[PDB]
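Enquirer: Taken in order, these protein sequences are the chains called U and S.
Start counting the first sequence at 275; every next residue gets the next number (UniProt numbering).
Start counting the second sequence at 366; every next residue gets the next number (UniProt numbering).
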Amino acid sequence: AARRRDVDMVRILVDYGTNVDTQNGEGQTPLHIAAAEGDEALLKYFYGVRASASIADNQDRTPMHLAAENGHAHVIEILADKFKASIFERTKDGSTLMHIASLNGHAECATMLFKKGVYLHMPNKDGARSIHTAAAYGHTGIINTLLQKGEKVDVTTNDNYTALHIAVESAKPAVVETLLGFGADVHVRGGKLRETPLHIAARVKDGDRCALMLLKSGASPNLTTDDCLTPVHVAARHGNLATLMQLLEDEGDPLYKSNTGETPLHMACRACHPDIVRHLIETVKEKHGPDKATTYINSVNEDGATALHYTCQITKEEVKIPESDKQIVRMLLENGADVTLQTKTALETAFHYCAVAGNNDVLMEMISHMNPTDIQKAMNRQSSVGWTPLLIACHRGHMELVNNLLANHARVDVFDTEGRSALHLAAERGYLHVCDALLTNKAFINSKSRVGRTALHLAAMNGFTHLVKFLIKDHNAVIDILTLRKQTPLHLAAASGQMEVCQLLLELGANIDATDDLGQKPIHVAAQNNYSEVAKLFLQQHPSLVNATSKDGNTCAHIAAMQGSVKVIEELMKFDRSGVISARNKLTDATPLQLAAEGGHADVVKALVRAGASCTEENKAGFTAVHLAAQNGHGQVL
Amino acid sequence: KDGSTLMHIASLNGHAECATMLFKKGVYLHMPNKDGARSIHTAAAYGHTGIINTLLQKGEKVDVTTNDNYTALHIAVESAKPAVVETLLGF
């Protein structure tokens, strides 16, 4: 009867003794359904029975609060006749139900809720007052009555936003008209970015209805942000077309220059918007001539960046419009370009950025159409590192792009400052079909770097067994290639300690005990970087009987004593403990306990003393290992 | 396209009896021009003292500036209207 606004059934049912403060599953009271219903008949009937109204719903919508959720005023005054507290609205965010009257927008509720709910001004937990939410949800009459009651529209929040700086965020046009009529200053400031409202008007998606009303009352497209950028730059960023047309119509210059040297063409192009770039070149072509349009396209930001550099850095994931990047490149190349434009610091042209990104599934074609032969002059140049886009694309693994560059016949014999080819980069990152695409294009396997590393050395270093099978099996790469440090990739593979790779190299077979520049049999290099399972491969398979190995310095167990390799010497002692205790170095007469105590590794002492290893083995100088503990200062070994 | 806002038109021609009924009806005090000039700036520009008496009566501080920072003296002296500047000093 309350929600149906039935007064006869409330008089008879309440005359039958019903609950005056009844509660449904939602918790909204029947008197709260009378104030929320906007029916003063059931409000005076429940007020005649003195119905308590403090028990609101689950959303705390009390009789004045749910009556303001409807918009009734006599239900709020009759709620005050039922002693509703008009000074009590809080909902852990500063409810303060003039905000609710600014949520829904009821002026007849706002006047009686001004005489009754006397609070002008109590802000939200964000810091927003009633004009901020009235301007947010777009209720002009509430702004007429709150501005009539007296509150300056230069009011800010905790985040410094004025009423324009919230009404333009919601893009409510006639609200902004009333705020300009109230006396708002269109320049003023923004929160945490220190921004004019045009920087909001060129950022919100619906700004075109509102930004002209910022320019009807006059505003400043010359006004920069904290990062020194016009709102032309902002509409260049956020993809707003008609707003940018209004900004250029209002004598906003497209010729400004950011703190990073960026024109709005640059950051317009980086956000990938075709009609903005189109429109900017169509305006600069008129108001400065096509020559200054060509120098405007070839305008140079900080670190030598032109707009062609900001073409290529977009990707195929963040493109989100199918043929946008291609026609942006058509609008930039077709209207004059400096297609190389070698950058200032990092020496690389905009072509290199194609190989950085992967939108050169399309953009490599589009740039690669409008040059007859100097494409090769673009492809044969090197970066500051010394990189060609073959080195960058093969460094990343954009496979179809590598198929595009090799069909466009770039030279595979380029070299970086580290003496590396594309086989060394793609083999370093481990891509199969990139190296396959190189070797179809007559790449040279067994090339070497400054360290003399081959592609097999890097693939064995970085764990790519399919690339190792691909090189040795598919392309007959030599297995026992030495570095400049005279290292085969079995112990350069055991240097990084990759077990299955060394299983593959021993499955293909090579000279195991081939010494390195330090005379290093492979388990020495396995013991320097203390990979226990790799020594378990070279020793569990046991192809060379290298437990009693010899190097230029010492044996493997001595290096195991040097590193503190209790797992590695646990495997070595667990295989050949009797032959691992008696390790006397032929050059120094040293034992592994002496290098353990000299290194101060107490756990190696626990392992070898746990296996035997009497301490009384004197050196060539003559010491027990206790004396090396005394010389080196390791009391745990003591 | 330049912020017409016909209280400016009442400040162009200078009719106070049109300004009162155009204040109750054309309720906008304050919407500036595309240059940034409000109704006191054009009333002071074209030299109509009674419009400045009624707009100053309706409430608007004469330290108001434009987009180009000119106060009401900084436009009334550009037009060199003397008694306008007298009323602005009285304001």
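All residues carry an ideal CB built from backbone N, CA and C; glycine is no exception.
#1: Using the C-alpha atoms, what's the distance from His-339/U back to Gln-333/U?
#2: Tell me whether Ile-361/U counts as near the ligand FMN, meaning its Cβ is closer than 7 angstroms to at least one heavy atom of that ligand.
#3: Against chain S, does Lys-446/U count as a neighbour if the rule is that its beta carbon must be under 8 angstroms from one of theirs?
#4: In the DSSP assignment, the alpha helix (DSSP H) including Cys-502/U goes from what residue to what residue?
#5: Can you tell me whether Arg-552/U is helix, strand or coil according to DSSP?
#6: Report the neighbours of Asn-378/S on chain U: residues whose CB is nearer than 8 angstroms to its CB, in chain order.
#7: Contact between the stretch 374 to 385 of chain S and the stretch 498 to 516 of chain U is defined here as three or more beta-carbon pairs at a separation below 8 angstroms; is this criterion met?
#8: For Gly-660/U versus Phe-689/U, is the C-beta distance shorter than 8 angstroms?
#9: So, does the CB of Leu-489/U fall closer than 8 angstroms to a CB anywhere in chain S?
#10: Could you check if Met-644/U is buried or exposed, using at least 16 other CB atoms within 10 Å of its CB as the buried criterion?
#11: Run the CB neighbour count on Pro-817/U, radius 10 Å, all protein chains shown included, and call it buried at 16 or more, exposed below.
#12: Is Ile-595/U helix, strand or coil by DSSP?
#13: If you reduce the DSSP assignment to three classes, tell me which class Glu-576/U lands in.
#14: Scan the stretch 398 to 417 of chain S for residues whose Cβ lies nearer than 7 angstroms to a Cβ of chain U and list them as they occur along the chain.
#15: Would you kindly work out how many angstroms separate the C-alpha atoms of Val-450/S and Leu-371/S, rounded to a whole number?
#16: For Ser-839/U, count neighbouring C-beta atoms within 10 Å of its own C-beta (all shown protein chains included) and say buried if the count is 16 or more, exposed if not.
#17: Specify the secondary structure class of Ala-904/U as computed by DSSP and reduced to three states.
#18: Among the candidates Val-686/U, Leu-778/U, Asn-785/U and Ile-843/U, whose CA atom is the shortest distance from the CA of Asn-803/U?
#19: Taking the alpha carbon of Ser-824/U as the point to measure from, which residue in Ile-571/U, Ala-330/U and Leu-861/U has its own alpha carbon closest?
#20: Given that a residue counts as buried once 16 or more other Cβ atoms are within 10 Å of its Cβ, and exposed if not, what is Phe-357/U?
#21: Would you check if there are 3 or more beta carbon pairs closer than 8 angstroms linking the stretch 532 to 547 of chain U to the stretch 486 to 497 of chain U?
#22: Can the beta-carbon of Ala-801/U be found closer than 8 angstroms to that of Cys-830/U?
#23: Taking a contact to mean a Cβ-Cβ separation below 8 angstroms, would you say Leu-680/U touches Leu-697/U in this structure?
#24: By the 10 Å Cβ neighbour count, where 16 or more other Cβ atoms means buried, how is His-413/U classified, buried or exposed?
#25: Only counting the same chain, and skipping five residues up and downstream in sequence, which positions put a Cβ closer than 6 angstroms to that of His-373/S?
#26: Closest to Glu-311/U by CA distance: which of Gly-301/U, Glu-343/U and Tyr-290/U is it?
#27: So which residues of chain U does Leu-420/S contact, with C-beta pairs closer than 7 angstroms?
#28: At what residues does the alpha helix (DSSP H) containing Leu-353/U begin and finish?
#29: Suppose you measure from the CA of residue 926/U to the CA of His-395/U; what does that come to, to the nearest Å?
#30: Exposed or buried, which one is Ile-361/U when buried takes at least 16 other CB atoms within 10 Å?
#31: If you draw a straight line from the alpha carbon of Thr-890/U to that of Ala-857/U, how long is it in whole angstroms?
#32: If we cut at 8 angstroms on Cβ distances, does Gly-391/S have a partner in chain U?
#33: Does any residue of chain S have a CB that is nearer than 8 angstroms to the CB of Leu-518/U?
#34: Just to confirm the assignment: which complete alpha helix (DSSP H) runs, minimum length 4, are found wholly within the stretch 300 to 383 of chain U?
#35: Please report the Cβ distance between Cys-546/U and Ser-598/U, rounded to the nearest whole angstrom; I am assuming they are in contact, meaning their Cβ atoms lie under 8 angstroms.
Expert: Walking through what the data contain:
#1: 10 angstroms
#2: Of ligands this structure carries none, so the ligand FMN is not represented either.
#3: no
#4: Where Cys-502/U is concerned, there is no enclosing alpha helix (DSSP H), given that its DSSP letter is neither H nor E.
#5: helix
#6: Chain U residues near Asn-378/S: none, gap ~21 angstroms exceeds 8 angstroms.
#7: no
#8: yes
#9: Look at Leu-489/U: its C-beta is under 8 angstroms from a C-beta on chain S.
#10: Its Cβ having fewer than 16 others within 10 Å, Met-644/U is exposed.
#11: exposed
#12: coil
#13: helix
#14: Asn-398, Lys-399, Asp-400 and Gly-401
#15: 23 angstroms
#16: buried
#17: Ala-904/U falls in the helix class under three-state DSSP.
#18: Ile-843/U
#19: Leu-861/U
#20: exposed
#21: Between the stretch 532 to 547 of chain U and the stretch 486 to 497 of chain U, the count of C-beta pairs closer than 8 angstroms stays below three; the two stretches do not touch.
#22: Closer than 8 angstroms, so yes.
#23: no
#24: buried
#25: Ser-404 and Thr-407, listed in sequence order.
#26: Its Cα nearest to that of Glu-311/U, the residue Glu-343/U stands out among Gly-301/U, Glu-343/U and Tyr-290/U.
#27: Going along chain U, no residue has its Cβ under 7 angstroms from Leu-420/S, so there is no contact; the nearest lies around 13 angstroms.
#28: Element bounds for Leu-353/U: 348 to 355.
#29: The shown model of chain U, from 275 to 912, leaves out residue 926/U, and the question about it has no answer.
#30: With fewer than 16 other Cβ atoms from the protein chains shown falling within 10 Å of its own Cβ, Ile-361/U counts as exposed.
#31: 14 angstroms
#32: no
#33: no
#34: 306 to 311, 314 to 322, 337 to 344, 348 to 355 and 372 to 378
#35: 5 angstroms
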